[PDB]
Trainee: 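Quick one: the structure is below, and I'll ask about it shortly.
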Protein chains: 2
Amino acid sequence: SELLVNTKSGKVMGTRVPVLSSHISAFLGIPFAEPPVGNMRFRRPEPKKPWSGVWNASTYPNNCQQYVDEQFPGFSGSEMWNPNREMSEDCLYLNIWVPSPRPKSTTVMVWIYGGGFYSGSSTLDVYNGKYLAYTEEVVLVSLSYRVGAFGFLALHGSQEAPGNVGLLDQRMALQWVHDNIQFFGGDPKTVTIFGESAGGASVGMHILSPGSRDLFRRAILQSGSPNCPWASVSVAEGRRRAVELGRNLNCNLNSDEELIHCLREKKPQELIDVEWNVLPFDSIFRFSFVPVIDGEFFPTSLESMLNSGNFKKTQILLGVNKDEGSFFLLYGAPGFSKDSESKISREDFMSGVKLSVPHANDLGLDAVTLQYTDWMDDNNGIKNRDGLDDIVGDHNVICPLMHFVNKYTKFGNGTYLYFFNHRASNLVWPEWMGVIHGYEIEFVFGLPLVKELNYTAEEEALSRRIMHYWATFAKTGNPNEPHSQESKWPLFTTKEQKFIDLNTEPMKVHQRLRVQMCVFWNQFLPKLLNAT
Amino acid sequence: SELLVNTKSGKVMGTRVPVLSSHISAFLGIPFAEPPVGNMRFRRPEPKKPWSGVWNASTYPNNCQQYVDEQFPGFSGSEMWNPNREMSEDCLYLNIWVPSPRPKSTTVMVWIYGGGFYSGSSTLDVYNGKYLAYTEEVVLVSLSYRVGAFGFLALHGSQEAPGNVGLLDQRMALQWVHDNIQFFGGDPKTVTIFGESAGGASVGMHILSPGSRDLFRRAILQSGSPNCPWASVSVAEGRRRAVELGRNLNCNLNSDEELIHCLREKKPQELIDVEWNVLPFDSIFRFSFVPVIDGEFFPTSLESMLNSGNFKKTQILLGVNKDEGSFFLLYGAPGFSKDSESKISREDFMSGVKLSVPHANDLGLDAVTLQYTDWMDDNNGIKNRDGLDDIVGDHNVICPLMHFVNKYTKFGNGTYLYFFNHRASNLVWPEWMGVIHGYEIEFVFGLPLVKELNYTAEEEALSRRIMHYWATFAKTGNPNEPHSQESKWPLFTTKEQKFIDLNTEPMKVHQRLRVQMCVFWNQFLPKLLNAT
Ligand SMILES: COc1c(C(=O)CCC2CCN(CC3CCCCC3)CC2)cc(Cl)c2[nH]ccc12
Ligand SMILES: COc1c(C(=O)CCC2CCN(CC3CCCCC3)CC2)cc(Cl)c2[nH]ccc12
Ligand SMILES: *[C@@H]1O[C@H](CO)[C@@H](O)[C@H](O)[C@H]1NC(C)=O
Ligand SMILES: *[C@@H]1O[C@H](CO)[C@@H](O)[C@H](O)[C@H]1NC(C)=O
Ligand SMILES: *[C@@H]1O[C@H](CO)[C@@H](O)[C@H](O)[C@H]1NC(C)=O
Ligand SMILES: *[C@@H]1O[C@H](CO)[C@@H](O)[C@H](O)[C@H]1NC(C)=O
């Protein structure tokens, strides 16, 4: 049968779903690991043991246990990121969309969701793989992984809670794809991994990690990279946060076993309830339980690996949006509101930068402030707002990614760089927020192709050219097809450093993306913080 | 007799000189001090003891002993600054231009020359007082003072070479004006001191020093100010350089008396020959023998005085030229030439900043570099040239002065600020040097009124409006003729921070002269260097 597939662990039965006046095949909620429940909380994932009978792969799986956003209840702009089904620790599932009829040896694309390593789900509406899988005739997979403490509680030296298990989940799903995607008409030799924000960083992390390199061919990174400040911690810091988590729940802290055993008796939301409390600073764009530089998943520091060329060498396609920072100011910085234009006072601006660069000393703070203040106009609330937006975005996303793109291109086999700066005509967030962190995503997934979503002709065309770039890249390592000149996306090189704008307008080529700000963030500021 | 004048120290005979189809009285080379010779080199100046008979004050006196610049022999652009008279240690004289007929009790303006405290002459063609005295009917006085080692060798504790004696020369000349200016028709209660560069700095130094305040009514500062980084040194540094000067001359260094004795037997030119060797670093815009923060001419640190309001409260009129830096790059930095466009390579631009901020640590150097480099275009030889020009001008003149004008204004009784940015139509220096340090002087002194000098009609008009400002300010404390037609130069207030452009175009008001850069020099950079 087309819907019935015998995999290396059992038979699964999928469903025929419609898409754009046609249909494709969907297999939802296939398990790829043993339920990381009970005594297996915090432990490495174990491969899903073979089942007898047919697995109902007809409906989305549970979502992983995560903090749930309630700032704006009812509000679609924030609620679209929240879990859209039951939360459970039994959440290690993946989903597959196969074009109908089933192709032979076609290109595979594995989605990896963001959410700052504390949240995120594969079952979200924006990650509906049907449009992209159908329009671009690729086998589309979306995996899942443990988030928050469940995924990234790190007590180095313990084999009970080593850290990074959330990335290991992703690896096991990648390993599952390598073993079974051929049964779905997928070529396991042509797998492109891709993800946004935290998902972006994850993609990069699998590039660096040796135990991950052979489980995929190429990589797309959207608005995230492995070296992001919010995206990892030392073993010392992971331990400290872990120990501090026990403290918030009256746990025994004399040993890891006692500490771990304690945290395992607690219910999931008990952990989540106190999760934010282990952060060292009052901060924004910082998350408690994130990957650790352990010496195992990552043999040595990210920078050194980047320097020595110790990573997977292939093609990467990567980029950022114009206003990466606004979402996080709204949730964590004074003066910002979803309902005003959020002109920021000088006072809230100063307040802002302190939250944004939580680890800086006073000289570092003055440096950042100077770097973003127009002194002919320091009490301009609009410039102060856009300034703070750029500080958050440049520091957490754009500049970390550029450092990565420059480092990778020395050893890579082809880099493509984009700047996404279209603002959706139907955005429900206020104008001041601009081109928001996460909002290129709906374009990648072909959401503008559906008429009821009320996008414009030009946005549908944009999404269509975007999906094509994505998939074409995925099959060939080049987002370009050999005709027109309308237009060719240039290769990013060490010398000329080209990239392209992604919007409704005809393609423009620029050079040196946010280089002025990024020299500050990548070279001056770090040298300054080390020095002082 | 108009030309014969009985002063407190003896009779004096001047001479009738022609000016612009008319005539005025000059009194050239009037002594105000005992010749600081022999046992009195380095020593405080002593008043000129009374003479018999009639002094022939009809010719220009000697110029003080100084480094003569031989870079462009024959070239008028450099040679206009060199000694136009014989050099000697017997140089403590002043010059007076008196309207004809002699005014009853008219405004007095005393000129103090620049030259980095190492050079300078009262007798220069460009400091010729006849036009200004004549046109605005003021009594114009030209003082002099010992420069370099002779004027500013400082060995704290010693009474033989205490430091600051050249500032004391100035004071003594001011004292002479106080005692004798009435005999020329001048009001000793209405004396404006003015000077450019070192003169400008000196003018503010008298503003600060308690023992100089009662010797003048108000102050004009052009392209210099007391807080300039080149304009003073500490006791420690001052001694170290003095001791080093003796080391370069095989002097006994075992005590101040044996060092001073050794340096006193040397011919002046021997001193000057090694003068530059005692500088701490390879630098531009640095000079070896300058005023000392000594606890006597300056009771406390210059910055503490400005803070406490410890200084003369009167009116000041002050400003800068658009390209303070070019003159010094030409004599000091790689890539700069009188005869090319001096487009600067990135490597030379690097060398430039190290030469220009010779006290910065590496972090400091990185900050300056970042602050002035456009990283989309870093190999632009013009942008690198202009940028290094701005670095020099902003660091050494513009930003010091803005610091001064802001601090002063909190206690002052009226501030006027100008940005001089006209390039003379007949400049002999290359186009790339722009509006040069010291080239507003010829406009202040009325040289464009003389037809054979070949200034344009618009430049003569500019000199006239500029002289009227300086004079009107000197008479009333305000450059504007109140309730007259012409547009009015606004007060600089700590809130609005207004100033004007000075050029051939109608007047423009602006606010916050070079804030962005001066915030960096005055606030950020010193914080960076103070850290460890
Ligand atoms: C949960 O809210 C916070 C934060 C935040 O960082 C909120 C900003 C995120 C909220 C949701 N959204 C998620 C992404 C997921 C991947 C694709 C793009 C959208 C945007 C970012 C910070 C602190 Cl300190 C908080 N404290 C309490 C709640 C809370
Ligand atoms: C003598 O030059 C130097 C320097 C300098 O930085 C000074 C260059 C000056 C040349 C004369 N010029 C005229 C001024 C006079 C005052 C009014 C305005 C115009 C100003 C610039 C530095 C070093 Cl290390 C030197 N070594 C040898 C000569 C020399
Ligand atoms: C799979 O589960 C769905 C959801 O409950 C159900 O409607 C469907 O009938 C099931 N399929 C089979 C073959 O049992
Ligand atoms: C990719 O690898 C091939 C084979 O080694 C090489 O010829 C090609 O130049 C590489 N491309 C890039 C952009 O590095
Ligand atoms: C003053 O000096 C000038 C020039 O040297 C000379 O012509 C004049 O005669 C002198 N005056 C007297 C009274 O000797
Ligand atoms: C100057 O001082 C006088 C006398 O105290 C005062 O009336 C006047 O307002 C002052 N002017 C300024 C500009 O400070």
Side-chain angles (χ1 to χ4, degrees), chain A residues 66-72 75 77-83 111-122 124 126-127 147-148 195-202 218 222-224 230 272-288 290 313-316 321 323-333 336 338 355-356 358 392-393 396-397 408-416 429 433 435-442 444-445 476-478 490-494, chain B residues 1 3-4 11-17 26-29 53-61:
Chain A
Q66 55 192 266
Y67 176 96
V68 180
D69 168 48
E70 287 174 274
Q71 261 297 141
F72 304 108
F75 183 66
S78 51
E79 228 104 72
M80 72 185 277
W81 304 104
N82 273 329
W111 182 241
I112 311 174
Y113 62 66
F117 297 104
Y118 76 93
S119 52
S121 293
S122 80
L124 301 192
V126 267
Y127 311 151
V147 300
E196 183 271 353
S197 190
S202 282
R218 301 175 250 275
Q222 303 160 213
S223 303
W230 48 265
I272 304 181
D273 268 340
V274 298
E275 165 180 317
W276 298 102
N277 306 5
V278 309
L279 286 175
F281 313 112
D282 293 305
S283 58
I284 64 178
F285 214 138
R286 289 298 186 275
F287 321 109
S288 289
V290 298
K313 298 161 199 61
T314 172
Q315 309 82 41
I316 61 168
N321 302 344
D323 305 289
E324 298 289 0
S326 59
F327 218 142
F328 310 82
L329 291 162
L330 182 52
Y331 279 77
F336 296 93
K338 184 186 84 67
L355 258 8
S356 304
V392 173
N396 292 291
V397 174
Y408 186 80
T409 301
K410 297 185 193 312
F411 297 92
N413 185 238
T415 303
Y416 298 86
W429 292 103
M433 285 180 75
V435 175
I436 303 172
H437 181 77
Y439 284 80
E440 90 297 346
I441 297 179
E442 59 216 55
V444 162
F445 278 80
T476 79
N478 192 320
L491 209 42
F492 171 101
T493 61
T494 304
Chain B
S1 183
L3 310 189
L4 182 64
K11 300 183 177 119
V12 143
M13 183 77 180
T15 168
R16 170 171 328 268
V17 315
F27 298 94
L28 311 176
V54 177
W55 197 279
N56 203 345
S58 60
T59 72
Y60 269 153

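Worth knowing before you read on, the calculation uses all heavy atoms, side chains too, and leaves out hydrogens, waters and symmetry mates. Order of listing sets the numbers, starting from 1, for every ligand and every atom in it. In the text below, chain A, chain B and the rest are named by the order of the sequence lines, each starting its count at 1.
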Trainee: Under 4.0 Å from atom 2 (O) of ligand 4, can you find at least one protein heavy atom?
Mentor: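 Given the 4.0 Å limit, the answer for atom 2 (O) of ligand 4 is yes, a protein heavy atom qualifies.
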
Trainee: So, 4.0 Å and heavy atoms of A/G115: is ligand 1 close enough to count as a contact?
Mentor: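 For ligand 1, residue contact (heavy atoms, under 4.0 Å) with A/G115 is present.
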
Trainee: Apply the test side chain to side chain contact (heavy atoms under 4.5 Å, CB included) to residues A/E196 and A/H437: give CA-CA distance (whole Å), side-chain angles for both, the deciding distance (0.1 Å), then the verdict.
Mentor: CA-CA 9 Å; A/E196 183 271 353; A/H437 181 77; 3.4 Å; yes

Trainee: Should one rank A/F287, A/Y118, A/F281 by closest heavy-atom distance to atom 9 (C) of ligand 1, which comes out on top?
Mentor: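 Nearest heavy atom to atom 9 (C) of ligand 1 lies in A/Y118.
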
Trainee: Would you confirm whether any non-hydrogen atom of the protein falls under 4.0 Å from atom 14 (O) of ligand 4?
Mentor: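 Yes, because at least one protein heavy atom sits under 4.0 Å from atom 14 (O) of ligand 4.
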
Trainee: Is the closest protein non-hydrogen atom to atom 11 (N) of ligand 4 under 4.0 Å?
Mentor: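 Within 4.0 Å of atom 11 (N) of ligand 4, protein heavy atoms are found.
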
Trainee: Would you tell me which option among A/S119, A/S283, A/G332 has the nearest heavy-atom contact to atom 24 (Cl) of ligand 1?
Mentor: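 The option holding the nearest heavy atom is A/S283.
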
Trainee: Check contact between A/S223 and ligand 1, using heavy atoms of the residue and a distance below 4.0 angstrom.
Mentor: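 Not so, A/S223 does not reach ligand 1.
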
Trainee: Of all the atoms in ligand 5, which lie at a distance below 4.0 Å from a heavy atom belonging to B/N56?
Mentor: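 Near B/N56, meaning under 4.0 Å from one of its heavy atoms, ligand 5 has 1 (C), 2 (O), 3 (C), 8 (C), 10 (C), 11 (N), 12 (C), 14 (O).
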
Trainee: Quick one: does ligand 1 sit under 4.0 Å from the side chain of A/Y67, the backbone, both or neither, non-hydrogen atoms only?
Mentor: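 For A/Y67, only side-chain atoms sit under 4.0 Å from ligand 1.
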
Trainee: Among protein heavy atoms, which lies nearest atom 4 (C) of ligand 5, and at what distance?
Mentor: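 Among all protein heavy atoms, the one nearest atom 4 (C) of ligand 5 is B/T59 CG2, 3.9 Å.
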
Trainee: Can you find a protein heavy atom closer to atom 7 (O) of ligand 5 than 4.0 Å?
Mentor: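 So atom 7 (O) of ligand 5 lacks protein heavy-atom neighbours under 4.0 Å.
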
Trainee: Just checking A/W81 against A/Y118, ring centres under 6.0 Å apart?
Mentor: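 Distance test on ring centres: not under 6.0 Å, no.
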
Trainee: Return yes or no for this condition: an N or O of B/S58 is under 3.5 Å from an N or O of ligand 5.
Mentor: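 Yes, B/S58 has an N/O under 3.5 Å of an N/O on ligand 5.
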
Trainee: Under a 4.5 Å cut-off applied to non-hydrogen side-chain atoms, are A/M80 and A/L124 in contact?
Mentor: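 Of all side-chain heavy-atom pairs linking A/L124 with A/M80, none is under 4.5 Å.
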
Trainee: Can you pull out the closest protein heavy atom to atom 2 (O) of ligand 1? Residue, atom name and distance to 0.1 Å, please.
Mentor: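 That would be A/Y331 CD2, 3.7 Å.
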
Trainee: Return the option from A/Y127, A/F328, A/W276 holding the heavy atom at the smallest distance from atom 22 (C) of ligand 1.
Mentor: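 Answer by nearest heavy atom: A/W276.
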
